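Numbering of residues begins at 1 and proceeds along the displayed sequence. Side chains included, hydrogens not; waters and symmetry mates left out as well; all remaining heavy atoms used.
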Amino acid sequence: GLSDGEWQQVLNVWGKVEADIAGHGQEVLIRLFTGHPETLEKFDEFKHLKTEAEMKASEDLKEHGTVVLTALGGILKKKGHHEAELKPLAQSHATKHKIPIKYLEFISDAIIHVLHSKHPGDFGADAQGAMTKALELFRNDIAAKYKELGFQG
Ligand code: HEM
């Protein structure tokens, strides 16, 4: 867990994202897909967008980025009391999309990268500490449900 002070740093940084969720969303997906090409293959509707420039030219990709960060923001705002929002996501990523936990690790690092990239010098050490914790929490709770389901990957 996170202290209230850590949660207040998480939500304060999330406010920066909300200034433009789609722009942040697109950056996260691109970092993921260029950094770990294997992840693109799980998306049937984007697997043909193998380079950064192709990825940038798709509003469909950008609306998916929007969906991803609006879901995440909604989870962060629960401050760890997220059992109800997390179970459906774990189940669908495990059973429908077949997303190994490693990919969640990847997107987690991608978010940190993007925050530093879009707000250089504005994402403090303290802020980073708290955001990291928050994503680890998220990952760890998804991990528990994967285990329940035996999604070996
Ligand atoms: C911050 C972590 C993530 C969040 C919040 C998230 C959220 C979502 C949401 C809300 C949906 C739509 C509803 C559903 O199908 O459950 C979805 C679908 C999907 N997710 Fe994720 N996701 C995350 C990570 C990932 C990663 C790392 C991958 C793959 C490398 C992935 C692959 C997919 C795919 C393939 C679908 C179906 C897509 C489509 O129909 O275009 N997700 N995700």
**OP:** Could I get the full list of ring pair (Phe, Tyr, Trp, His ring centres under 6.0 Å) partners for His82, not counting sequence neighbours?
**Re:** none

Subject >> From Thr34 atom OG1 to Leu49 atom CG, the distance as rounded to the nearest 0.5 Å >> reply: 12.5 Å

**OP:** Find the distance between CD1 (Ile107) and CG (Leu72) and round it off to the nearest 0.5 Å.
**Re:** 8.5 Å

**OP:** Search all heavy atoms of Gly1 against all heavy atoms of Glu6 and return the closest pair with its distance.
**Re:** O-OE1, 4.2 Å

Original post:
Rounded to the nearest 0.5 Å, how far does OG1 of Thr39 lie from NZ of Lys102?
Top reply: 13.0 Å

Subject >> Partners passing ring pair (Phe, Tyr, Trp, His ring centres under 6.0 Å) against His113 (at least two apart in sequence or in another chain) >> reply: none

**OP:** Determine, stepwise, if the pair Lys50 / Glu38 fulfils salt bridge (charged side-chain N to carboxylate O under 4.0 Å, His left out).
**Re:** CA-CA 10 Å; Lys50 292 176 168 79; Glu38 61 279 33; over 6 Å; no

Original post:
Between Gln8 and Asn12, is any side-chain donor less than 3.5 angstrom from a side-chain acceptor?
Top reply: no

Subject >> For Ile21 against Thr66, the heavy-atom pair lying closest together >> reply: CG2-O, 4.3 Å

Subject >> Spatial distance of atom CH2 (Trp14) from atom CE (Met131) [nearest 0.5 Å] >> reply: 7.0 Å

Subject >> Student check: side-chain heavy atoms of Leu89 and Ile142 closer than 4.5 Å >> reply: no

Original post:
Rounded to the nearest 0.5 Å, how far apart are CZ of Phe33 and CZ of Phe43?
Top reply: 4.0 Å

Original post:
Any side-chain heavy-atom pair from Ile112 and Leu135 closer than 4.5 angstrom?
Top reply: yes

Subject >> Over all atoms of both residues, closest heavy-atom pair of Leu32 and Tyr103 >> reply: CD1-O, 4.4 Å

Subject >> Within-4.5 Å side-chain heavy-atom neighbours: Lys56 and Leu61 >> reply: no

Original post:
Between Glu59 and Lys62, does a salt bridge (charged side-chain N to carboxylate O under 4.0 Å, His left out) hold up when you go through it step by step?
Top reply: CA-CA 5 Å; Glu59 293 319 299; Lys62 214 187 278 185; 3.2 Å; yes

**OP:** Please tell me if the side chains of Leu149 and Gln91 come closer than 4.5 Å, counting only heavy atoms from C-beta onward.
**Re:** yes

Subject >> Side-chain heavy-atom pair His116, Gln128 within 4.5 angstrom cut-off >> reply: yes

Original post:
Roughly how far, to the nearest 0.5 Å, is CG of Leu69 from CD of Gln26?
Top reply: 10.5 Å

Original post:
Where is the tightest heavy-atom contact between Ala134 and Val10, given as atom of each residue plus distance?
Top reply: CB-CG2, 3.9 Å

Subject >> Closest non-hydrogen atom pair, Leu40 against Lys47 >> reply: O-CB, 3.6 Å

Original post:
For atom NZ of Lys147, is the number of surrounding heavy atoms from other residues, nucleotides or ligands below 6.0 Å larger than 12?
Top reply: no

Original post:
What is the minimum heavy-atom distance between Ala110 and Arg31, and which atoms define it?
Top reply: CB-CG, 3.8 Å

**OP:** Test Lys78 against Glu85 for salt bridge (charged side-chain N to carboxylate O under 4.0 Å, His left out), laying out the working first.
**Re:** CA-CA 9 Å; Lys78 296 294 239 68; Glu85 321 14 276; 3.5 Å; yes

Subject >> Selection residues 132-153 - residue pairs positive for ring-ring contact (aromatic ring centres under 6.0 Å, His included), sequence neighbours left out >> reply: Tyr146-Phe151

Subject >> Check: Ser92 main-chain N/O paired with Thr95 side-chain donor or acceptor under 3.5 Å >> reply: no

Original post:
So do the side chains of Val17 and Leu115 get within less than 4.5 Å of each other, counting heavy atoms only?
Top reply: yes

**OP:** Measure from the side-chain N and O atoms of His24 to the backbone N and O of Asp20, and report whether any donor-acceptor pair falls under 3.5 Å.
**Re:** yes

Original post:
Does some side-chain heavy atom of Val68 sit less than 4.5 Å from a side-chain heavy atom of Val28?
Top reply: no

**OP:** Check the pair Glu148 / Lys87 against salt bridge (charged side-chain N to carboxylate O under 4.0 Å, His left out), numbers first and verdict last.
**Re:** CA-CA 11 Å; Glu148 186 183 310; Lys87 209 69 191 234; 3.0 Å; yes

**OP:** Could you walk me through whether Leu11 and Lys77 pass the side chain to side chain contact (heavy atoms under 4.5 Å, CB included) test, one step at a time?
**Re:** CA-CA 7 Å; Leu11 297 182; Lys77 292 201 166 143; 4.0 Å; yes

**OP:** Report yes or no: does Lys16 contribute a side-chain atom to a donor-acceptor pair with the main-chain N or O of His119 at less than 3.5 Å?
**Re:** no

